[PDB]
Protein chains: 2
Amino acid sequence: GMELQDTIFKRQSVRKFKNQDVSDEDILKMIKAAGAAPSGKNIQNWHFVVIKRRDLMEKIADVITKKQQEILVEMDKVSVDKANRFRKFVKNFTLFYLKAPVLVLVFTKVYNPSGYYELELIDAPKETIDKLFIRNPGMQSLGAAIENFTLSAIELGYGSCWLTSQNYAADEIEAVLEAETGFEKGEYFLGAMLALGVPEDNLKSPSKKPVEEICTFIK
Amino acid sequence: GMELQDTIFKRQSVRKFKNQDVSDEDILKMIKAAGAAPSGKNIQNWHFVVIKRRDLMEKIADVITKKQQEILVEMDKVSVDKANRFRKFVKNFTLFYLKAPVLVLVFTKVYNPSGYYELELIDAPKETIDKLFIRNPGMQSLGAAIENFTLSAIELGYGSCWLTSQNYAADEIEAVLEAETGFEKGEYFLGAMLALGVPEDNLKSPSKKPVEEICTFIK
Ligand SMILES: Cc1cc2nc3c(=O)[nH]c(=O)nc-3n(C[C@H](O)[C@H](O)[C@H](O)COP(=O)(O)O)c2cc1C
Ligand SMILES: Cc1cc2nc3c(=O)[nH]c(=O)nc-3n(C[C@H](O)[C@H](O)[C@H](O)COP(=O)(O)O)c2cc1C
Ligand SMILES: [Cl-]
Ligand SMILES: [Cl-]
């Protein structure tokens, strides 16, 4: 096993991977850890789709690219500068996931949080109800589950990168998954993906805020 | 220290606390761990306000109650039973934090995710851009931080409950904090609270989904 703080401070966004496998049994451990995460009213708004199928990983890449190109055709009319930065960004911060042996699609569902049905019952303005979602407790919950998964990967000798940069193409990703596998998402939609494998060594991360910057102790 | 899985499977929502203090040094270790969480584009959209001052904790409770009562007097006109369910809910799942020695207010700020500025650039429909936020990557990031805090609390001999049920009164909570401490939130807003202490014995958690239900291995 591995001690908690060790895993926490070891954690990086892994974007380069060794040519080694990740066992289904180890992935299942990661998922059990995710499943034990806290969630708003125990909604447990998560479902992990584990993909090792190369052609499916590549088909998902292709749909991201198709959607990205549709956006780029319009961006080029406004600012080739901005369009070109987007071209580089998707390459380096989305499609790098093909470098890993495992792609995990994390599906989720909307959690209507405390206050929502109470305010709806009394015909509160939508503007008031919307304020509950600026701090989206449903996505806090998803993040707790994905962080449990992430730390457990590290304990088991692996590492990962969390991804939401694909989500302008989420509908298209869901569609190809369904065509290729018959997976039925129901009310769920894509929340995040994880690129998962054995990390290369000597990976880099940006500096973080000093702990004293991110807190205030009231005296 | 404590091994990761041991911490993950020890974690419960702690709503009853022993009469014992939490050291500032230990709380700082929790926040340092929180600050190591991944976040979209390294935004680190979190600030932890640590409160031990009893009168401020009570003042926060009173604005939660006052806001609750404004909702209740309208709910009673539609459904007294539903209003009664909300009365019980707020006692059991919100105002119990007063039972702990420490209240942490977790402030956060909006993260405009990938796709946002690109779609804005090309005057994409607001309804399209809104879809990025149904999986709010900023709040996924916040959840990752608060989970790191949560697990660290357990390793150090404490426990906590995560709260978002107060957030129909978030603005009012922020106003009390500001009025009583001088804290300047700037662009940040209340995301969650944590009730933090040495946990009571015999804590109960609800039944969870079986792991087979929360994953799919594509074959
Ligand atoms: C973002 C989020 C918000 C939550 N808000 C509350 C809350 O306001 N009050 C409460 O009593 N529990 C709250 N919880 C705890 C959940 O009720 C709890 O995690 C769930 O019932 C599972 O129970 P367990 O944590 O003991 O395993 C919250 C959890 C999450 C992650
Ligand atoms: C919800 C969220 C979404 C993220 N999306 C992406 C992404 O699409 N592409 C990527 O390369 N990294 C992504 N990341 C990783 C962050 O860029 C990374 O956590 C941050 O830069 C800090 O680097 P570190 O994780 O190595 O410490 C995401 C992280 C979070 C938590
Ligand atoms: Cl993003
Ligand atoms: Cl809530």
Side-chain angles (χ1 to χ4, degrees), chain A residues 9-15 35-45 64 89-90 92-97 106 111-116 132-133 135-147 150 159-167 191-195 199 203 205-208, chain B residues 9-15 35-45 64 89-97 106 111 113-115 135-147 150 159-168 191-195 203-208:
Chain A
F9 292 107
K10 185 161 178 78
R11 187 217 53 76
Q12 293 183 282
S13 289
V14 175
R15 307 195 184 78
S39 71
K41 294 177 181 188
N42 199 29
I43 192 70
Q44 297 163 85
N45 55 325
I64 294 166
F89 169 83
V90 175
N92 295 327
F93 297 110
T94 313
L95 293 197
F96 79 84
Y97 77 76
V106 195
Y111 168 59
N112 291 328
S114 316
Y116 183 92
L132 300 176
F133 293 95
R135 58 269 295 180
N136 204 314
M139 296 309 114
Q140 294 190 47
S141 310
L142 185 63
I146 297 177
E147 185 65 358
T150 293
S160 66
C161 191
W162 196 324
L163 290 95
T164 60
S165 58
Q166 74 285 337
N167 286 338
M193 312 196 298
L194 292 145
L203 303 186
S205 298
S207 69
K208 312 302 177 68
Chain B
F9 286 100
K10 194 170 192 190
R11 191 216 55 74
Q12 293 182 270
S13 295
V14 176
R15 306 192 180 83
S39 66
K41 286 183 192 183
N42 203 33
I43 188 167
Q44 303 159 87
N45 55 326
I64 293 167
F89 172 84
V90 173
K91 286 176 202 179
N92 289 336
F93 298 99
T94 316
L95 295 173
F96 74 85
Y97 78 81
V106 192
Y111 170 62
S114 315
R135 61 269 295 178
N136 209 311
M139 297 305 124
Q140 293 190 44
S141 303
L142 186 63
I146 294 167
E147 185 71 356
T150 295
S160 70
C161 188
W162 195 323
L163 297 86
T164 56
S165 60
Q166 73 286 337
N167 286 339
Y168 55 75
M193 325 191 291
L194 290 158
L203 297 201
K204 302 310 177 203
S205 295
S207 314
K208 299 309 173 64

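Atoms within each ligand, like the ligands themselves, are counted from 1 in listed order. Each chain gets a letter, A, B and so on, in the order its sequence line appears, and its residues count up from 1.
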Among B/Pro206, A/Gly138, B/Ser205, A/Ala144, closest by heavy atom to atom 26 (O) of ligand 1 is B/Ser205
Within the 4.0 Å heavy-atom cut-off, what A/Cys161 brings close to ligand 2 is side chain
Q: Check whether any heavy atom of B/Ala192 sits under 4.0 Å from an atom of ligand 1.
A: no
Within 4.0 Å of some non-hydrogen atom of A/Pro137, the atoms of ligand 1 are 1 (C)
Task: Side-chain touch A/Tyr116/A/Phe133, heavy atoms, less than 4.5 angstrom - done: yes
Residues passing the side chain to side chain contact (heavy atoms under 4.5 Å, CB included) test with A/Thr150, sequence neighbours excluded, are A/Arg11, A/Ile146, A/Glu147, A/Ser160, A/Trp162, A/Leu194
If you scan protein heavy atoms around atom 9 (N) of ligand 1, the nearest is B/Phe93 O, 2.7 Å
Atoms of ligand 1 under 4.0 Å from any heavy atom of A/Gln140, numbered from 1 in the order shown, are 1 (C)
I'd like to know whether ligand 2 has A/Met193 as a neighbour, heavy-atom separation below 4.0 Å. no
Query raised in the report: Within 45° of the six-membered ring axis of B/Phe89 and under 6.0 Å from that ring's centre, is NZ or CZ of A/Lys41 located there?
Result: yes
- Pairwise side-chain contact, A/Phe93 with A/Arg15, heavy-atom cut-off 4.5 Å (strictly under): yes
Checklist entry - Are B/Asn167 and A/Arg135 side-chain neighbours, meaning at least one heavy-atom pair lies under 4.5 Å? => result yes
min-distance protein heavy atom vs atom 28 (C) of ligand 1 -> B/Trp162 O, 3.3 Å
Nearest heavy atom to atom 27 (O) of ligand 2, choosing from A/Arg15, A/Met139, A/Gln12, A/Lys208, belongs to A/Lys208
Note: A/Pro137 and A/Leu132 closest approach over all heavy atoms is CD-O, 3.7 Å
| query | Can you find a pair of side-chain heavy atoms, one from A/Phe96 and one from A/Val14, that are under 4.5 Å apart? | reply | no
Atom 8 (O) of ligand 1: closest protein heavy atom, distance to 0.1 Å, is B/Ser165 OG, 2.7 Å
Does the N or O separation between B/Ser141 and ligand 2 drop below 3.5 Å for any pair? no
Looking only at heavy atoms, the pair that brings B/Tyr168 and A/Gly115 closest together is CD2-CA, 4.2 Å
Open item on the list: So is B/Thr164 touching ligand 1 or not, going by heavy atoms under 4.0 Å?
Closed with: yes
Counting heavy atoms under 4.0 Å, the part of A/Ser13 that contacts ligand 2 is both
message: Under 3.5 Å, is there a donor on one side chain and an acceptor on the other for A/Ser205 and A/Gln12?
response: yes
_Below 4.0 Å from ligand 1: does a non-hydrogen atom of B/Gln166 turn up there or not?_
no
Would you please determine whether B/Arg11 falls within less than 4.0 Å of ligand 1 on a heavy-atom basis? yes
Checking heavy-atom distances from atom 16 (C) of ligand 2 to each of B/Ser39, B/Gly40, B/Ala145, the winner is B/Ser39
Sequence neighbours excluded, the answer for side chain to side chain contact (heavy atoms under 4.5 Å, CB included) partners of A/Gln44 is A/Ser39, A/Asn42, A/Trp46, B/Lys208, B/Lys209
| message | Taking B/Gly138's backbone N and O only, do any of them form a donor-acceptor pair with B/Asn45's side chain (distance below 3.5 Å, no angle check)? | response | yes
Atom 22 (C) of ligand 1: closest protein heavy atom, distance to 0.1 Å, is A/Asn42 OD1, 3.8 Å
Per-atom filter on ligand 2: closer than 4.0 angstrom to a heavy atom of B/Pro38 are 19 (O), 31 (C)
